[PDB]
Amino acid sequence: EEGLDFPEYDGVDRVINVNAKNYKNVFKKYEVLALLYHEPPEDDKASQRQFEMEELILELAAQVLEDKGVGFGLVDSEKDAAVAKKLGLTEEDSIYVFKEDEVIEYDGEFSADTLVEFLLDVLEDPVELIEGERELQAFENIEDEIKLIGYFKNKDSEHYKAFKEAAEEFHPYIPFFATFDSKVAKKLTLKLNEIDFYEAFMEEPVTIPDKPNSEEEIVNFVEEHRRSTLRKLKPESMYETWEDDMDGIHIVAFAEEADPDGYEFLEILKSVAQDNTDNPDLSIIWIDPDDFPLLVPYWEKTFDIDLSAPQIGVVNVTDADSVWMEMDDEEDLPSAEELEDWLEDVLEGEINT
């Protein structure tokens, strides 16, 4: 009578060597397929160990998601070059995710936790329908990502169908919501076929012009407004966000949401964002250190800061050179006006404008 153990990695291989002979069979077996497009084995042990690690991370995810019908596979850039061509794999050592007719080029953290969460999100339907109070409140409480909501007659509306096609284009990174309920639309202030776009951390939405909107009109609008003035660094999308610099730099704010000072600082950052939302030259990345435990020592060393306290700085993406605002924790945090004044001082001696 020992007592059952928690689940454990079982050491059984599940990741598929995807090749010319089996790739069609593989796609037929799984509704969602995650493929690592990678390079051939190098001579050096370091590279071999790096690959060994990545493959095992995939093995763990494959074990967790086996019952859900998610498949995992490897496409070698040498041995499987022709497979890569048919599927459109190009980015070296990168994960591509396939669902029905959509291909996703994953640009997030290579960890089992993050990958499993992402793939569970991929499995969900692309549009969330709002019918009840719980669901409406859930929609209203989303602030840390862009979100869209439309009001349509019902699921058979050509305009709802266009909205759903657009949703699939950005799935699962940007949540699309719909309602068919005139009462809900009333609370959201939506006319029929109207789509409201909510920038991350903004209270007021922008309505997509020229309704009813075609799928292309929605997709164009979202692409144009893809970068929020304030955006959160999230494991699922961290590389895409960081690679999207503003002329070689990022304004970076560290704030632990769960901490009193972190929360207050975030509220200040949201104010700064709101007051500058129309300036296309401004993007601030909010990093909550609690989301990236393995990077905190690196950040503290590299930036010479204490991540137990809120920070704001400017980072050069070429060499990670940076400058950080002095804040005395014995005083109140700087107001939005003080933050903006500091950013102006620092950025006045920089690249442009």
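Numbers follow the displayed sequence, beginning with 1. Here, rigid core means the biggest group of C-alpha atoms that superpose within 1.5 Å across both forms.
Do the Cα atoms of 99-107 stray more than those of 184-192 in 4 other deposited structures of this protein, or is it the other way round, with the core held fixed? After superposing on the rigid core, the more displaced stretch in 4 other deposited structures of this protein is 99-107.
Check the entry's C-alpha temperature factors for 60-68 and 324-332, then say which stretch has the higher mean. According to the PDB entry, the answer is 324-332.
107-115 versus 135-143 - which carries the larger mean C-alpha B factor in the record: So the stretch with the higher mean C-alpha B-factor is 135-143.
Just to confirm, going by the entry's C-alpha B-factors, which of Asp288, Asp319, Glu55, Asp306 comes out highest? Highest C-alpha B-factor among the listed options: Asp319.
Considering only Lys155, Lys191, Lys234, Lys79, which residue's Cα atom bears the greatest B-factor as recorded? In this record, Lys79 carries the highest C-alpha B-factor of the candidates.
Ranked against its chain, the third holding the CA B-factor of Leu36: For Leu36, whose C-alpha B-factor we compare with every modelled residue in the chain, the answer is the lowest third.
By its CA B factor, does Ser283 count among the lowest, middle or highest third of the modelled residues in the chain? Its C-alpha B-factor belongs to the highest third of this chain's values.
Third assignment of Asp196 from its chain's C-alpha B-factors: According to the entry, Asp196 has a C-alpha B-factor in the chain's lowest third.
Within this chain's modelled residues, let me know which third the CA B factor of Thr229 belongs to: lowest, middle or highest. Lowest third.
Sorting by Cα B-factor within the chain, modelled residues only, which third would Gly150 end up in: lowest, middle or highest? For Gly150, the deposited C-alpha B-factor lands in the lowest third.
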